[PDB]
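Asker:
Protein chains: 2
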Amino acid sequence: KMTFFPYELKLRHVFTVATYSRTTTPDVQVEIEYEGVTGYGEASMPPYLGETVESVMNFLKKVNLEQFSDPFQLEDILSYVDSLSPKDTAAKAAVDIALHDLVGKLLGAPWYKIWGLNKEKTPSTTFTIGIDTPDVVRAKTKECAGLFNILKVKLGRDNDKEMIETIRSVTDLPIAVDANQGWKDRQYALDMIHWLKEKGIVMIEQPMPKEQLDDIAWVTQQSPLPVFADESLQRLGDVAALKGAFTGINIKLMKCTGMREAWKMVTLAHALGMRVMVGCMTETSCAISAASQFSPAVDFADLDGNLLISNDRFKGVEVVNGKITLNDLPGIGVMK
Amino acid sequence: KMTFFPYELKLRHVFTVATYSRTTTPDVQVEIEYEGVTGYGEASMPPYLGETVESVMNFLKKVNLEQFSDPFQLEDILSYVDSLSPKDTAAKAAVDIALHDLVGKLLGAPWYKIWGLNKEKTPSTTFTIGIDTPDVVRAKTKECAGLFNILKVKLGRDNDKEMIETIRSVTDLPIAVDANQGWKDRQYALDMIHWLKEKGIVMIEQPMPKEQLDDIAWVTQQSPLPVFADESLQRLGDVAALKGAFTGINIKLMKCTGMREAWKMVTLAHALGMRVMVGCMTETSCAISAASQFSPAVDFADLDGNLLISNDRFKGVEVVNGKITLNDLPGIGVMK
Ligand SMILES: [Mg+2]
Ligand SMILES: [Mg+2]
Numbered sequence: 047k048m049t050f051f052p053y054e055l056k057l058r059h060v061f062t063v064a065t066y067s068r069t070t071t072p073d074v075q076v077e078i079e080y081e082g083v084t085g086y087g088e089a090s091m092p093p094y095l096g097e098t099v100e101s102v103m104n105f106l107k108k109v110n111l112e113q114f115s116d117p118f119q120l121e122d123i124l125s126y127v128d129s130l131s132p133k134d135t136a137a138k139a140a141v142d143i144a145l146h147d148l149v150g151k152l153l154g155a156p157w158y159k160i161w162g163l164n165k166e167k168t169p170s171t172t173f174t175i176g177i178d179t180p181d182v183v184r185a186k187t188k189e190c191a192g193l194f195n196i197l198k199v200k201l202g203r204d205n206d207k208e209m210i211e212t213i214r215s216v217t218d219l220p221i222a223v224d225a226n227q228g229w230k231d232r233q234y235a236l237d238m239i240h241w242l243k244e245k246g247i248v249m250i251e252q253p254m255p256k257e258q259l260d261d262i263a264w265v266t267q268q269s270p271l272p273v274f275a276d277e278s279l280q281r282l283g284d285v286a287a288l289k290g291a292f293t294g295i296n297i298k299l300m301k302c303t304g305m306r307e308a309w310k311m312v313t314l315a316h317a318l319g320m321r322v323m324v325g326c327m328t329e330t331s332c333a334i335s336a337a338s339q340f341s342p343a344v345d346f347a348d349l350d351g352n353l354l355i356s357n358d359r360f361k362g363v364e365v366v367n368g369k370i371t372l373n374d375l376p377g378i379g380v381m382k
Numbered sequence: 047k048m049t050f051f052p053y054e055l056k057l058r059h060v061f062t063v064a065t066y067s068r069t070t071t072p073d074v075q076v077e078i079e080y081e082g083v084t085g086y087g088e089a090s091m092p093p094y095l096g097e098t099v100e101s102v103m104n105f106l107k108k109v110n111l112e113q114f115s116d117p118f119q120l121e122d123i124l125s126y127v128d129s130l131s132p133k134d135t136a137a138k139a140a141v142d143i144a145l146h147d148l149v150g151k152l153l154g155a156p157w158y159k160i161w162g163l164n165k166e167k168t169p170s171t172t173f174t175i176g177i178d179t180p181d182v183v184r185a186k187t188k189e190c191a192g193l194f195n196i197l198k199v200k201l202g203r204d205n206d207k208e209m210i211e212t213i214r215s216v217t218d219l220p221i222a223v224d225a226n227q228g229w230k231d232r233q234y235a236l237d238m239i240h241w242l243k244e245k246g247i248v249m250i251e252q253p254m255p256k257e258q259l260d261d262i263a264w265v266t267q268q269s270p271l272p273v274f275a276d277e278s279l280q281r282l283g284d285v286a287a288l289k290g291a292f293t294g295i296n297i298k299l300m301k302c303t304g305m306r307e308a309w310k311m312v313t314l315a316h317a318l319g320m321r322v323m324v325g326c327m328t329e330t331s332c333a334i335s336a337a338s339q340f341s342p343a344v345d346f347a348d349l350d351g352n353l354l355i356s357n358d359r360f361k362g363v364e365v366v367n368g369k370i371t372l373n374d375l376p377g378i379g380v381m382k
């Protein structure tokens with residue numbers, strides 16, 4: 047039995063993505079009950095990604111899980127779920143996450159264990175230093191520069207260099223940058239990458255628009271830093287085409303339809319010699335913990351979504367010594 | 047605690063591969079015990095594949111699993127096992143199979159369930175009609191045709207057409223052919239595929255030598271039947287290079303190091319738009335059942351290895367209505 051309801055996330059501070067800022071995030075919480083056991087799922091919908099409370103609720107209303115007598119047949123169930131519409135990946139991810147939580151609970155094990163991973167190999171998660179006045183930047187950098195091992199900075203703006211210089215003036219932590227399709231000029235992108243490398247940046251994400259794949263490959267082939275694809279891909283079927291253009295791929299549950307496809311993407315990327323990183327949207331600990339289950343296999347992780355909201359409903363993965371830390375709870379590892 | 051010992055397989059009848067006939071098959075049985083639970087593994091060594099009792103025993107003697115306190119860390123354990131030598135894939139597969147059996151038993155579930163597959167989607171397994179005099183061929187065909195839904199014929203000989211005609215004169219069952227790199231001329235191979243198609247053959251396996259991948263792609267691109275690669279690949283790292291040249295790939299545990307890599311190969315092939323089939327060597331029900339755990343994901347299956355030996359040590363997957371049939375036993379699904 048699947049039930050679901052809207053649960054708007056309240057952000058602690060203004061959150062900015064490219065040219066979009068917000069203080070809330072539409073979200074739908076999902077639950078799947080089977081023989082007294084309940085699996086928790088979630089759909090998070092950053093406005094610019096094209097899904098809404100209406101689209102997600104409408105999609106979930108099309109899903110009939112009652113006709114399935116065995117929660118363990120995830121291949122069949124999720125194939126059916128995917129067939130209900132061409133996209134709606136966040137809505138589909140919510141069903142996938144709840145099903146994995148349910149199945150893990152039925153098996154009495156966390157997915158990192160079912161997948162055969164070593165939880166001690168979880169990565170450090172980045173935490174973002176937001177754009178603001180040089181004084182506010184140095185302040186916030188200092189405030190969190192003590193809990194994390196790596197910092198994230200979103201570039202592609204107008205004061206990128208000043209921002210990096212400001213941050214680097216009060217901390218020596220490595221920095222991961224996400225240009226989010228911000229650099230349209232190929233030479234600028236490469237020149238900036240070399241400058242960032244000199245400033246201690248250790249990874250760059252989506253330097254240019256996804257439409258300029260040839261330019262991206264040109265940059266990556268000469269880049270001293272690993273270049274990860276984000277906006278350039280969404281699902282499993284988008285991975286292969288990026289080989290040779292990117293060093294690795296970024297996987298997000300809300301973009302790929304959940305844990306099952308996410309794990310297939312990790313397998314595919316690796317089998318193809320590409321690296322993998324995992325990201326997130328502003329989410330409750332439900333989706334964050336779910337994604338964390340395969341973090342022992344990634345090179346980089348931006349899994350701080352729940353720290354950005356003031357109304358988390360679950361206690362799941364925690365950040366210890368700046369490291370994503372999985373508990374021993376079965377399923378996706380959360381307690382309501 | 048891992049223990050192992052030689053267990054030569056006794057074949058029910060002379061078994062031939064190309065021009066090589068034999069009546070026995072070197073094999074090593076493996077057992078991994080953990081807190082009172084035992085996982086069963088197996089390595090099968092057809093002589094022409096490069097491994098021997100000596101090589102397998104010597105490899106296994108190098109494996110130290112006692113240093114690992116958690117059998118669930120398959121990623122780490124099998125990475126370590128693979129690092130011990132360049133090849134020895136059958137010896138490595140034995141460790142992998144025993145570990146999966148153990149983990150499945152500890153979880154209380156069979157791997158087809160852990161992987162999220164529907165056991166009702168298991169395929170029909172082929173059974174081979176051996177090359178012999180027309181009288182023997184007709185007799186042997188009539189004797190087994192009633193138990194199987196599809197028959198296998200090993201072509202690439204000097205009497206291929208007569209063989210197919212002889213068999214087709216007593217049965218209307220679909221036939222899967224394995225040319226075993228027997229056809230050196232792409233034109234001859236293509237014409238043969240067209241001829242076989244009219245004769246009710248539904249699939250072609252390794253039509254030409256692996257050294258002639260260019261000619262193979264030429265034939266496959268204009269073939270009316272799916273063409274599967276066998277000798278053209280061994281492990282996960284060999285799959286991608288076959289895209290566009292083959293319709294699908296054939297996976298065998300003794301060639302790919304076991305279940306974990308096999309499952310990754312299924313993911314990779316499918317993600318790349320390729321089909322998958324699974325095969326086997328003459329083996330006990332241990333290795334046959336292990337491979338059967340992912341059979342619900344394959345298009346074709348040649349999983350009759352245990353039926354060819356007279357000294358099977360386990361009761362596992364069975365053939366019912368010509369279909370591979372998985373039981374509900376945990377791990378790889380066998381009873382000693
Ligand atoms: Mg990004
Ligand atoms: Mg073959």
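If you read the sequences in order, they're chains B and A.
For the first sequence, the positions run 47 to 382 when PDB author numbering is used.
For the second sequence, the positions run 47 to 382 when PDB author numbering is used.
Backbone N, C-alpha and C define an ideal beta-carbon position, used for all residues, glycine too.
1) Please name the residue, chosen from A:156, A:262 and A:293, that lies closest to residue 373 of chain A on a Cα-to-Cα basis.
2) Comparing the C-beta of residue 140 of chain B with each C-beta of chain A, is any distance below 8 Å?
3) Just the Cα atoms here: how many angstroms apart are residue 6 of chain B and residue 146 of chain B?
4) Does residue 122 of chain B get closer than 8 Å to chain A when you measure Cβ to Cβ?
5) With a Cβ-Cβ cutoff of 8 Å, do residue 90 of chain A and residue 62 of chain A count as a contact?
6) Anything in chain B within Cβ reach of residue 104 of chain A, meaning under 7 Å, just list it in chain order.
7) Suppose only complete runs of 4+ residues qualify. What are the alpha helix (DSSP H) ranges in the segment 94-161 of chain A, listed by chain order?
8) Where do the N-terminal and C-terminal ends of the alpha helix (DSSP H) with residue 306 of chain B fall, by residue?
9) Do residue 233 of chain B and ligand 2 come close, with the Cβ less than 7 Å from some heavy atom?
10) Would the beta-carbon of residue 251 of chain B be found less than 7 Å away from any heavy atom of ligand 1?
11) Note down the Cα distance separating residue 283 of chain A from residue 317 of chain B, rounded to an integer number of angstroms.
12) For residue 352 of chain B, does the three-state DSSP call read helix, strand or coil?
13) Where does the unbroken alpha helix (DSSP H) through residue 244 of chain B begin, and where does it stop?
14) With hydrogens ignored, establish whether the beta-carbon of residue 226 of chain A is closer than 7 Å to any heavy atom of ligand 2.
15) Along chain B, which residues have their Cβ under 7 Å away from the Cβ of residue 155 of chain A?
16) Assuming residue 75 of chain B is part of the beta strand (DSSP E), what are its boundary residues?
17) Can you list, in chain order, the residues of the segment 294-317 of chain B whose Cβ is nearer than 9 Å to any Cβ on chain A?
18) Please confirm if residue 282 of chain A has its CB atom under 8 Å from at least one CB of chain B.
19) Along the chain, where does the alpha helix (DSSP H) that runs through residue 334 of chain B open and close?
20) Indicate the three-state DSSP secondary structure (helix, strand or coil) for residue 368 of chain A in the structure shown.
21) Is the segment 164-177 of chain A close to the segment 334-349 of chain A, with three or more CB pairs under 8 Å?
22) Which parts of the segment 181-215 of chain A are runs of the beta strand (DSSP E), unbroken and 3 residues or longer, counting only runs that do not cross its ends?
23) In this structure, how does DSSP classify residue 65 of chain B when only helix, strand and coil are distinguished?
24) Verify the CB distance criterion: does residue 369 of chain B have a CB-CB separation below 8 Å to chain A?
25) Looking at the unbroken alpha helix (DSSP H) that takes in residue 266 of chain A, where does it start and where does it end?
26) Whole angstroms are fine: how far does the CA of residue 150 of chain B sit from the CA of residue 235 of chain A?
27) With residue 137 of chain A and residue 105 of chain A assumed to form a contact (beta carbons below 8 Å), what rounded beta-carbon distance in angstroms separates them?
28) Taking residue 256 of chain B as the query, report the chain A residues whose CB atoms sit under 8 Å from its CB, ordered along the chain.
29) Looking at the C-beta of residue 163 of chain A, does it have a partner C-beta in chain B at a distance below 8 Å?
30) Give, in chain order, every residue of the segment 339-355 of chain A whose Cβ lies closer than 9 Å to some Cβ of chain B.
Answerer: Result, derived from the coordinates:
1) Of all alpha-carbon atoms in A:156, A:262 and A:293, the one lying nearest the alpha-carbon of residue 373 of chain A is that of A:156.
2) For residue 140 of chain B, the answer is no, since every Cβ of chain A falls outside 8 Å of its Cβ.
3) Residue 6 of chain B falls outside the range modelled here, since chain B spans only 47 to 382, and no answer is possible.
4) So yes, residue 122 of chain B belongs to the interface.
5) Taking 8 Å as the Cβ cut-off, residue 90 of chain A and residue 62 of chain A do not qualify as a contacting pair.
6) The contacting residues do not exist; residue 104 of chain A stays about 27 Å from chain B at best.
7) If we require 4 residues or more, the alpha helix (DSSP H) runs fully inside the segment 94-161 of chain A come out as 99-106, 120-129, 135-153 and 157-160.
8) According to the DSSP assignment, residue 306 of chain B belongs to the alpha helix (DSSP H) that extends over 305-317.
9) No, the beta carbon of residue 233 of chain B sits no closer than 7 Å to any heavy atom of ligand 2.
10) Checking every heavy atom of ligand 1 against the Cβ of residue 251 of chain B, one is found closer than 7 Å.
11) Computed Cα separation, rounded: 7 Å.
12) In the three-state DSSP reduction, residue 352 of chain B falls in the helix class (H, G or I).
13) Residues 232-244.
14) Flag set: Cβ of residue 226 of chain A near ligand 2.
15) Those are 153, listed as they occur along chain B.
16) Note, residue 75 of chain B: beta strand (DSSP E), 73-80.
17) Legend: CB atoms of the segment 294-317 of chain B lying less than 9 Å from CB atoms of chain A belong to residues 306, 309, 310, 311, 313, 314, 316 and 317.
18) Taking a beta-carbon distance threshold of 8 Å, residue 282 of chain A counts as an interface residue toward chain B.
19) First-last of the alpha helix (DSSP H) with residue 334 of chain B: 331-338.
20) It is coil, neither helix nor strand.
21) A contact exists between the segment 164-177 of chain A and the segment 334-349 of chain A.
22) Segments of the beta strand (DSSP E) lying fully in the segment 181-215 of chain A: 197-200.
23) In this structure, DSSP gives residue 65 of chain B a state outside helix and strand, which the three-state scheme calls coil.
24) Chain A contact via Cβ: absent.
25) First-last of the alpha helix (DSSP H) with residue 266 of chain A: 259-267.
26) One Cα belongs to residue 235 of chain A, the other to residue 150 of chain B, and the distance between them is close to 49 Å.
27) Their Cβ separation, rounded to whole angstroms, is 4 Å, which keeps residue 137 of chain A and residue 105 of chain A in contact under 8 Å.
28) Correct list: empty, because the minimum Cβ distance to chain A is about 20 Å.
29) For residue 163 of chain A, the answer is yes, since a Cβ of chain B falls inside 8 Å of its Cβ.
30) Answer in chain order: 342 and 343.
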